[PDB]
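What follows is a single chain, given as structure tokens, in the form deposited without the ligand.
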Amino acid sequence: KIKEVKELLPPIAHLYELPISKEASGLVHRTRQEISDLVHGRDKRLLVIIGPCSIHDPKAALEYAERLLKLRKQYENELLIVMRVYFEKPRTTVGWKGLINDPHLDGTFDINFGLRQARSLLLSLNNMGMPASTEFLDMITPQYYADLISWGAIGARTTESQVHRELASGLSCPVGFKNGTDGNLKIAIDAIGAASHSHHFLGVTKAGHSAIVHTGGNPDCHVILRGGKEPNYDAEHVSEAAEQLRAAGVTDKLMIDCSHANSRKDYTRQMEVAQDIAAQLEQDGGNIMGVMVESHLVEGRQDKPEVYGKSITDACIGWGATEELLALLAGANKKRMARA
């Protein structure tokens, strides 16, 4: 039941063509620290992971980045803005898995090219001053570009998975674990516990050979509230999450996803969620360290990549709505930071 096995270039090949620049290296290292500070309550800025549900077009992604960069800089004292640069998508059943798996968007599975494109995009983003985030779904691909990533997500469908927790335990960036598809938070709390410890498992080296990897633990993990059978973004759900986190002795600072099961897949509700968060930040909101927003140049979605700057996976808010949502959150958090 295996059709074929094909030639794969090892990470060192891509690392040779596209070595990390000093300026990229500095941004990554820096943003990781900054985020770690948010995770552990040492800085009260709000982390904002924002951008497309998935990258299908580097040029659009670069243009998006350039716009977002101005706002990253403008709001830098209230918000820590990092771009969503997602290359791997977990499907409910089957479908396009992302740019790495099939970069020509036609069923050709040109993975060598996909991995090259993903590294290239990430390098250009970091070079221009925009840090990047992604969902780490595969066990092997991260060796190809993890060095360019400032923050990582483990998805709702894999938070419970031991191999994903293992993976997170060895990543050098902070990591967010989503609650489960039906709303189970415990699995994410458990995942932080697990990922913070040392693990031994089989992995693949930068030279494309299998090996035993021994990780040191990732101390910068946190939970992401992304809704379930019902939304879990409000104050009450946040307060209950926080108590459970303190109970298991892990960080009670969390991220709230404005999209997915919290917006019920209606991109026009992301603003409502952000409005609720804004209010929580104004009243108290002490347990919130970040938010997640799926955002693009052009709002909505499409099945085929016909329109530029428009998602082919989950529907996104457009650029206008994005400017508004960011100003809303910046304003709200400026007040939270002023209180102490």
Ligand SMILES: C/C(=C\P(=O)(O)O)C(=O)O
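Note that residue numbering follows the sequence shown and begins at 1.
If you look for the form deposited with the ligand bound, you will not find it shown, but the lines that follow are about it.
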| query | finding |
| --- | --- |
| Site status for the ligand placed as in the entry with it bound, C-alpha superposition, 2.4 Å backbone or C-beta test | open |
| Heavy atom of each of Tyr86, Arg157 and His260 within 4.5 Å of the ligand in the entry with it bound | yes |
| Contact residue in the entry with it bound, chosen from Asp43, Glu63, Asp314, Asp276 - any heavy atom within 4.5 Å of the ligand | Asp314 |
| Contacting member of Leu68, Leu38, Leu27, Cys53, with respect to the ligand in the entry with it bound [4.5 Å, heavy atom] | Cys53 |
| Stretch in contact in the entry with it bound with the ligand, which is absent here, among 78-86, 184-192, 98-106, 116-124 (heavy atoms within 4.5 Å) | 78-86 |
| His222 within 4.5 Å of the ligand in the entry with it bound, heavy atoms | no |
| Proximity of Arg165 to the ligand in the entry with it bound, heavy atoms at 4.5 Å | no |
| Proximity of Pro90 to the ligand in the entry with it bound, heavy atoms at 4.5 Å | yes |
| In the entry with it bound: members of 213-247 within 4.5 Å of the ligand, any heavy atom | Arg226 |
